[PDB]
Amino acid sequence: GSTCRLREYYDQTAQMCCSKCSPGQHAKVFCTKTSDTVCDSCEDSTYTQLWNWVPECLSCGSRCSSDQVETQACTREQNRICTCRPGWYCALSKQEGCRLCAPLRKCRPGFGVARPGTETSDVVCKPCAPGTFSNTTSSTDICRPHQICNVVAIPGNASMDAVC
C-alpha cells in the first residue's frame, strides 16, 4: 500500500497514513497507532513554507545588511528576503534573496554602458562603435552619436565629441 491522501504521509513507525502539518507550523507529537499528528504554530522568528512533518521550524535568516532593503518579512510561513537597493546589484546570491550587494560598475570615459544592471548582474562596459562617444563616467550613460557639423574641425573619438 503506502498510498496516502494529499496532506498525508506514510509513517513507517505507525504503519499507517498520517496527516501532515501546514505551512506555518511543525509536528509537535508524531503519529501513533491510536492518535494522529499533533501540530503547533511556529514561534519566535521561525517558519515552514511547505506541508511537512518536521520536529521544529526553520530559522529565519538574520536581518538585512547595510545598503539592503527587506522585500519580504520573516513570517510563520516564509523566510526574510533581502534585496539590493537601486544602483546596486547582487554579487553573491542566497538560497532566496541576496547575501552580498555591490555597487554597479562605472563605464569610464570612452566606454559606454553596453547592457544595464539588474539585481543579479552588474553593468557591462565597452567602447563605442566608430562614430559615437562618451565623455562621461557613468553606470547608465550610453555611447552617444558624435555632434553633427558642416566644419569637421577636430574629428571625434569615443572619448571626446567632434569639434566644428
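The first residue of the sequence shown is number 1, and the count goes up from there.
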Q. In the PDB record, does 24-32 or 105-113 carry the higher mean Cα temperature factor?
A. 105-113
Q. Mean C-alpha B-factor higher for 13-21, or for 148-156?
A. 148-156
Q | Out of 62, 118, 37, 46, highest CA B-factor residue | A | 118
**Q.** C-alpha B-factor winner, where the candidates are 123, 100, 50, 57
**A.** 123
Q. Ranked by Cα temperature factor within the chain, is residue 137 in the lowest third, the middle third or the highest third?
A. middle
Q. Sorting the chain's CA B-factors, does residue 95 end up in the lowest, middle or highest third?
A. highest
